[PDB]
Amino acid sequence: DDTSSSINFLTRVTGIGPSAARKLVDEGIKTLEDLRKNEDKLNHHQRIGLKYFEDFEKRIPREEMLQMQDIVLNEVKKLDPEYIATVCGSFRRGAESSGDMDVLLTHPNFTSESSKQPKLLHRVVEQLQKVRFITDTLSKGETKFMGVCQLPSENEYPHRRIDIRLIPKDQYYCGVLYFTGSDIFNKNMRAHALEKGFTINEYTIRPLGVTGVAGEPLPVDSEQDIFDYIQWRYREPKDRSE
């Protein structure tokens, strides 16, 4: 009813899940001003999302993403030029507007065999915070950073959502591929790969076998490599619609 109407709204809050949304309804929290008078019931994450409820409702236009991309690329470079960073999302696909920033970061020092170098990711976060690009943190893991940022006003921009994932280097391209989408494209390409005797997911590509239940990840040093394995012309992200 007009109340279910309420779980619907809260859920619009980054942090607010259903179960998470449900309880706050059992507490008599429905609208948003409800929420604001009730920060204490909210975790840190839900908290921030509430704080940027609005901004978060707005689309990011190419021009901005672009400048965002530069700040991120450039800062990472001064830390260590051995770091690779790539902005995925429809945006890499040529998209005219985006909803958030998805950054994929990797380093030769970190492979799926290591598995333990939080410093790698943290250091960058730290640097962006220092430059004042990153403005808040929703959560921050060993391998994943979800937060807020904003373009440097000179006078203001809405704050935007940003995510940074640390991926091992030997799993990187697969990841950029995957995170680049689109979804159909991923679907169509995994389907083809299968016809080709190969299974692809967001980490690796692996040959199949009898009975099917098979594997052993092939070395991938670029996106192209993936296409090669399955012998398909190389599609630049823009032609990745389907």
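Heads up: residue numbers just count along the shown sequence, starting at 1. Take the two forms, find the largest set of C-alpha atoms that superpose within 1.5 Å, and that set is the rigid core.
Fitting each structure in 7 other deposited structures of this protein onto the rigid core and averaging C-alpha distances over structures and residues, 207 to 215 emerges as the more displaced of 59 to 67 and 207 to 215. Deposited sequence between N155 and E156: 1 to 3 residues lack coordinates.
For the pair 122 to 130 and 106 to 114, the mean Cα B-factor is higher in 106 to 114. Just going by the entry, 225 to 233 versus 16 to 24 on mean CA temperature factor gives the higher value to 16 to 24.
Residue-level inspection of the entry shows that, of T211, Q69, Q46, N186, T211 has the top Cα B-factor. Note on the listed residues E216, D55, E64, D40: the highest Cα temperature factor in the record is that of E216. The entry lists a Cα temperature factor for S182 that places it in the middle third of the chain's modelled residues. Per-chain ranking of the deposited C-alpha B factor places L35 in the highest third. The deposited CA B-factor of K196 belongs to the highest third of values across its chain. In the PDB entry, a CA B factor belonging to the highest third of its chain's modelled residues is recorded for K77. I60: CA B factor lies in the lowest third for its chain, per the PDB record.
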